[PDB]
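Novice: Requesting a structural model of the entry that follows:
(chains A, B, C, D and E, ligands or ions: 6)
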Amino acid sequence: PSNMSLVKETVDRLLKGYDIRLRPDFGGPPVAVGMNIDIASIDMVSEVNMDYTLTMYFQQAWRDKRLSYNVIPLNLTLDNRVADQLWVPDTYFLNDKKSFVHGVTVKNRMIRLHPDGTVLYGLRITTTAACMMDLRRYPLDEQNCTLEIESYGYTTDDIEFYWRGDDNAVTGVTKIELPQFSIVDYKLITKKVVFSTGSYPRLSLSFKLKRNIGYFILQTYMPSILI
Amino acid sequence: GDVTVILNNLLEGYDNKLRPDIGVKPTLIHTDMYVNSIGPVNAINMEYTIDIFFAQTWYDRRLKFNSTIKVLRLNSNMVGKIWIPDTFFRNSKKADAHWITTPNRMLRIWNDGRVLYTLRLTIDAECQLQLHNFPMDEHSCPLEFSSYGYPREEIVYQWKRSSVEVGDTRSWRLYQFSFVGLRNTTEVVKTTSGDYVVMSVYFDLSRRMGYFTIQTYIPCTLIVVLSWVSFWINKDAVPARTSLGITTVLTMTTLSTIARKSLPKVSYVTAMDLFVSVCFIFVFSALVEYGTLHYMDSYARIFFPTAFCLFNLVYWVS
Amino acid sequence: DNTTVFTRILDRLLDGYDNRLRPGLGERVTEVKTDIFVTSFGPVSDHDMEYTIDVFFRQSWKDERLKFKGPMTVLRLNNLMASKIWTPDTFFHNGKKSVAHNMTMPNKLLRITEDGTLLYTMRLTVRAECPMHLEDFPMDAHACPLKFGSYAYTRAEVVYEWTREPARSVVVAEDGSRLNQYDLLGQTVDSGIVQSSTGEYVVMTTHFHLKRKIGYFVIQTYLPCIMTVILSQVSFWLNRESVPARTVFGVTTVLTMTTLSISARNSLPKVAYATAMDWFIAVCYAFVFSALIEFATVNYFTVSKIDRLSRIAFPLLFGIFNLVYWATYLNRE
Amino acid sequence: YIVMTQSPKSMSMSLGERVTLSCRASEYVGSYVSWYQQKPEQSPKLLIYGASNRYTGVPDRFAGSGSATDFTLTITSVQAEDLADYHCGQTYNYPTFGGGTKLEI
Amino acid sequence: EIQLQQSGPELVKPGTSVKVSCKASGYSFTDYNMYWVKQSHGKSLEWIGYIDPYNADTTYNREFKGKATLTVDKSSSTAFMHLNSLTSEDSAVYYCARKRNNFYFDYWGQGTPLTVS
Ligand SMILES: *[C@@H]1O[C@H](CO)[C@@H](O[C@@H]2O[C@H](CO)[C@@H](O[C@@H]3O[C@H](CO[C@H]4O[C@H](CO)[C@@H](O)[C@H](O[C@H]5O[C@H](CO)[C@@H](O)[C@H](O)[C@@H]5O)[C@@H]4O)[C@@H](O)[C@H](O[C@H]4O[C@H](CO)[C@@H](O)[C@H](O)[C@@H]4O[C@H]4O[C@H](CO)[C@@H](O)[C@H](O)[C@@H]4O)[C@@H]3O)[C@H](O)[C@H]2NC(C)=O)[C@H](O)[C@H]1NC(C)=O
Ligand SMILES: *[C@@H]1O[C@H](CO)[C@@H](O[C@@H]2O[C@H](CO)[C@@H](O[C@@H]3O[C@H](CO[C@H]4O[C@H](CO)[C@@H](O)[C@H](O)[C@@H]4O)[C@@H](O)[C@H](O[C@H]4O[C@H](CO)[C@@H](O)[C@H](O)[C@@H]4O)[C@@H]3O)[C@H](O)[C@H]2NC(C)=O)[C@H](O)[C@H]1NC(C)=O
Ligand SMILES: *[C@@H]1O[C@H](CO)[C@@H](O[C@@H]2O[C@H](CO)[C@@H](O[C@@H]3O[C@H](CO[C@H]4O[C@H](CO)[C@@H](O)[C@H](O)[C@@H]4O)[C@@H](O)[C@H](O[C@H]4O[C@H](CO)[C@@H](O)[C@H](O)[C@@H]4O)[C@@H]3O)[C@H](O)[C@H]2NC(C)=O)[C@H](O)[C@H]1NC(C)=O
Ligand SMILES: *[C@@H]1O[C@H](CO)[C@@H](O[C@@H]2O[C@H](CO)[C@@H](O[C@@H]3O[C@H](CO)[C@@H](O)[C@H](O)[C@@H]3O)[C@H](O)[C@H]2NC(C)=O)[C@H](O)[C@H]1NC(C)=O
Ligand SMILES: NCCN1C(=O)CN=C(c2ccccc2F)c2cc(Cl)ccc21
Ligand SMILES: *[C@@H]1O[C@H](CO)[C@@H](O)[C@H](O)[C@H]1NC(C)=O
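Specialist: Numbering: from 1, shown residues only, chains lettered A, B, ... in the order given. Ligands and ions are numbered 1, 2, ... in the order given. Now the structure:
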């Protein structure tokens, strides 16, 4: 049971004297907030409201030198209730009409303080992200939809977003079986949009949905043609 | 009192954040369920609501007390205070634990360290309900659940023999389906975060086709027969033949539209869609048969019912 | 300066109180005397087999710890104090998405008498589950239950009983009936015991007896269908030599039946049984289809004996079916 | 009020034999139907409460039953101390007892 | 244990009121409603009325509405029944019960012989 007490004292040491107000390496180079996504499923594509409901295992790993421990050769995974006591990126989705983190049984959320300092913070998120639908070729349309991750209050000086893994940062897209759609391709972009205040980071996950004409050819076109 | 000083001793110096035996060995968890009622299966969203009494069991060396009291039967007030396994349902579109009158949760603790945290949940789980042959599709809808963060090395879920206590299926909202039986499983799943153990409960739901048969198959088949009625109509009689033939297609179209309601937007060649399309082309074939005859009839009169019987045979096989 | 007395007593009341433990732990069972005053019997969700009900869920229980002697026998407490003292975790066994009203402030009081007889009244809108067997539709009557009992406490720690006589413990307001297609005939209660795996629990059942109001359906669906079958039978009245007229009349009959059947299904949820709409609409469907078949037979025959006999026979059959069906489902309980 | 109807007016049976005392309630009484035994010149003593639950201190031979209206009290083996009047008293509505069936040798 | 002691037998001419008590000592008096019952010779038990000792809330059977007045003395832990305008029918034996819960009358008094002549 010595390891139990060791982990207890180490976690207490880490969380003691911790300022949630200060980002990692405050007054220093930008903190490289790597990101990683795994789309569990795309629930539906609401073209009437021009948005799609997407459920994903959103994850974002960064380094915080304060949360550094070396005595235990293992990767602590503390309870999800500790996230409120740790600094977190103020990430928000620019095109997000409605979203929530699942709560059953406990609030779906993860923390994992790696020995070096890398903090693997992840949430199970459902988002009804907005997507401007140009339904002028509908049903023979190739609707392009995107998720726009971006920091709110931090500029590129203080924070920086990248896909840890050039393309592996997005996973599970292929297995998705949309009812009326086929995900022909997905791409990940890492821009630095320039706003009036300054240059903000940005990651733009994009899905180039293609309408499944096989369904609608019999649903809609076939009756009209027959008549 | 004695119970209150026991509780104060237990929670004193207790780290909610840390799991039992962290850095020593994985914390084995035994989970048993009571499926109170499987809500209606939502074919539109390929989901189904289920009401369960999810009960978890795990030893905890810290929560050991030696007294005449064999068990500390507690209400939901202590759930937050002690460590709880962060279990979540990996295919839950939306779920919530009931709160009226008070949070439906219990927490019993023994001297040896056993815990029996249980709670009531209403999961709108996701089931990959494919409709290739509909209504014919038996589905083993899962209820995968596992710790969100803790790796396989730290949390192991292990079924007990008396795990899934299915309730009275008579009062279930499982209409459109029948609960053939349950089937539990347990494997390891590899993901970007790490390795996890996934406990999936397969509910063998068998389609109840009677409602859809009387709703759709019987009337549309009667439409097909109505098509034969036009065939039996004889003599030149152009107005009557045209009236019958064209009037049939209207009701067939309305029936197809009504059948479309329950059908999701899944890009599959649904058996119901195949059936209504077969009826559609049958009526169209009858109308064009009269069209060419006006420009032979007896042969078509004989042929068409046999084709209907063959279609019904093939459909019955599926 | 009487406010000081109440402040002092109320503040010092809760010292040394352990909210986690039930009253009188380890020495007796905690008797919770419940009672319900249905403010309004909400609509019966026919499609989802559930009903809504607004209730003043009162429930009292003796507690020796909250014992005080003071000028006022009853000490009304704010909602904040209600959370700091033990309360029964009386969940609903067949509840589904229940909500406790909070506008303006939480709708719940808690009066502590001098002896310690708490009275914990609250307002709820429980959407309980009512398993409906719609086989005797639309005459179907349902005894929708409202089972409720403790969640965390077995039969040996928390036992529920009615504060008054059981017949006089579920009071329904005269104007509370919000039913649009039912009639709350009466109430019946019982206090059983449930054998769960984790232990035994006590359940306080209350069966609200409801009878479906046939007035809406008998005019929306039944009467148009009876009219249509009469129209189908009218098709026989037309002379056989007028082939097109009888053809169009016959096809119109089935078109009308299609419309009526489509309207019927949306009214009720899925049912794989021989419900009223199934039986009656199917019989009328067969009647009109038989009219079409009869006209086909007449057309091939070429007024003759056959036509007149076939015409006259059917209305007797339709009347026989109607009498049997109505007398059956009217008497069926 | 609710009227109780002790159908067996006066049963007579020798020791060591089965006898059942019926009890009919005019209206629904749920499961609130107690049974009492009144020896001559003595106050009644409870035997069965609820519908079938046996009160403490009662010999096992006493056993009840009954769902909604039909309630029966069965004595497995009548003894020399089972000779007394038996009344069934409901409490679903205001209390209303039964006539009282007499037990003899 | 619980003992329900009632007043001894009494004889009175018609029309003169009487008082009969019911003393409970085993349990705290105010907890449970005290019921009063009548049983004429060779007849069934007849409910008179019950008194809630704590708040003295009282209810009487319709036939006995105004025939018997139930009053309680929490200080003495005794329940009294006051009968007035006595007639021939009133000759009977009266017990006082004790309703433990909705099911059963736990304890019964010794029974008070009342004769009118
Ligand atoms: C972004 O905004 C959203 C809201 O817009 C925030 O979400 C809210 O966060 C608060 C704070 O955590 C939650 O409050 C908690 O509510 C618990 C019960 O909630 C139920 O009622 C509310 C209405 O009042 C419903 O909306 C809830 O349903 C919604 O949430 C659930 C998940 O919770 C979803 O599944 C649903 O679909 C709905 O979306 C629920 O029905 C309440 O019990 C809890 O209070 C306990 O916990 C706190 C924690 O500090 C304690 O302080 C407190 O004393 C209680 O602890 C006692 O009780 C627990 C019961 O388990 C015991 O375990 C303890 O031991 C102790 O005895 C808390 O008040 C709120 O529910 C939630 N959702 C809302 C408002 O819709 C997000 O947090 C916010 N931020 C982010 C990043 O999203
Ligand atoms: C606790 O936290 C630590 C620290 O984050 C993590 O340890 C990781 O463990 C995994 C084991 O699967 C390591 O994966 C392998 O690492 C090898 C060495 O990595 C070092 O060198 C590379 C060189 O490019 C650096 O990029 C890297 O940052 C390390 O410095 C790699 O060579 C391996 O490559 C291939 O391995 C197999 C071969 O078949 C393939 O299947 C793989 O996909 C991969 O292509 C592999 O990547 C990982 O490197 C470790 N991380 C670090 C930082 O060292 C664990 O999370 C955990 N460890 C514990 C508890 O011991
Ligand atoms: C669904 O719809 C979205 C719309 O948002 C599409 O997203 C666009 O995708 C394209 C192609 O991937 C993106 O174009 C990218 O632009 C980057 C920025 O270009 C500037 O780069 C530097 C600054 O870093 C400047 O100095 C320079 O002058 C450029 O102005 C490029 O870096 C990207 O890579 C390559 O771009 C071109 C060649 O294509 C060359 O400059 C280089 O070779 C460079 O390496 C890339 O071109 C665009 O930014 C995205 N956003 C938009 C349009 O808003 C999705 O592509 C679409 N779905 C699919 C499947 O395509
Ligand atoms: C639900 O899961 C449980 C376990 O995951 C299943 O119960 C397990 O069934 C196997 C099949 O025989 C048991 O194996 C045998 O157990 C006996 C008794 O322990 C042992 O003597 C034999 O050597 C053999 O190992 C296994 O024990 C049993 N699980 C436990 C904990 O005993 C159960 O069948 C599943 N439910 C289903 C499929 O419906
Ligand atoms: N029929 C008893 C079988 N059963 C269980 O075994 C699971 N547990 C409870 C239960 C849990 C806590 C308190 C009371 C309970 F009844 C329960 C609840 C319902 Cl709603 C239905 C069935 C049921
Ligand atoms: C409780 O005390 C007994 C001896 O009285 C001891 O054997 C046991 O280990 C103790 N258990 C604890 C401290 O959990």
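Novice: Name every strand pairing with the longest strand seen in chain A and say which way it goes.
Specialist: Looking across chain A with DSSP state E, the single longest strand is strand A:31-46. Its sheet considered, strand A:31-46 pairs with strand A:51-56 (antiparallel), strand A:59-63 (antiparallel), strand A:159-163 (parallel), strand A:170-171 (parallel) by DSSP bridges.
Novice: Any buried residues in it, and which?
Specialist: Within strand A:31-46, the residues scored as buried using 16 or more other Cβ atoms under 10 Å in any protein chain shown are A:31, A:33-45. C-beta: built from backbone N, CA, C; applies to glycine.
Novice: Switch those over to JSON lines; also include distance to residue D:34.
Specialist: Output for the buried residues of strand A:31-46, formatted as JSON lines (distance: Cβ to Cβ, whole Å):
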{"residue": "A:31", "distance to residue D:34": "76"}
{"residue": "A:33", "distance to residue D:34": "73"}
{"residue": "A:34", "distance to residue D:34": "73"}
{"residue": "A:35", "distance to residue D:34": "71"}
{"residue": "A:36", "distance to residue D:34": "69"}
{"residue": "A:37", "distance to residue D:34": "67"}
{"residue": "A:38", "distance to residue D:34": "64"}
{"residue": "A:39", "distance to residue D:34": "65"}
{"residue": "A:40", "distance to residue D:34": "59"}
{"residue": "A:41", "distance to residue D:34": "59"}
{"residue": "A:42", "distance to residue D:34": "63"}
{"residue": "A:43", "distance to residue D:34": "58"}
{"residue": "A:44", "distance to residue D:34": "60"}
{"residue": "A:45", "distance to residue D:34": "65"}
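Novice: Reformat those as a markdown table; add distance to ligand 5.
Specialist: Shown next, in a markdown table, are the buried residues of strand A:31-46 (distance: Cβ to the nearest ligand atom, whole Å):
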| residue | distance to ligand 5 |
| --- | --- |
| A:31 | 48 |
| A:33 | 45 |
| A:34 | 45 |
| A:35 | 43 |
| A:36 | 40 |
| A:37 | 39 |
| A:38 | 35 |
| A:39 | 36 |
| A:40 | 30 |
| A:41 | 31 |
| A:42 | 35 |
| A:43 | 29 |
| A:44 | 32 |
| A:45 | 37 |
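Novice: Out of those residues, which is nearest to residue C:110?
Specialist: Nearest to residue C:110 among the buried residues of strand A:31-46, counting by Cβ to Cβ, is residue A:43 at 42.9 Å.
Novice: Report the contact partners of the closest one.
Specialist: When the contact criterion is Cβ atoms under 8 Å, 6 or more residues apart in numbering or on different chains, the partners of residue A:43 are A:52, A:53, A:54, A:55, A:126, B:45, B:93.
Novice: List phi and psi for residue E:11.
Specialist: Dihedral angles of residue E:11 (phi, psi; degrees, to the nearest 10) stand at phi -130, psi 140.
Novice: I meant to write residue C:249 there.
Specialist: Dihedral angles of residue C:249 (phi, psi; degrees, to the nearest 10) stand at phi -60, psi -50.
Novice: Within the helices and strands, which one has the closest residue to it other than its chain neighbours?
Specialist: Once flanking residues are discounted, residue C:249 sits nearest to residue C:235: 4.1 Å by Cβ to Cβ, 6 or more residues apart in numbering or on different chains. Element membership of residue C:235, judged by DSSP states H and E, is helix C:223-237.
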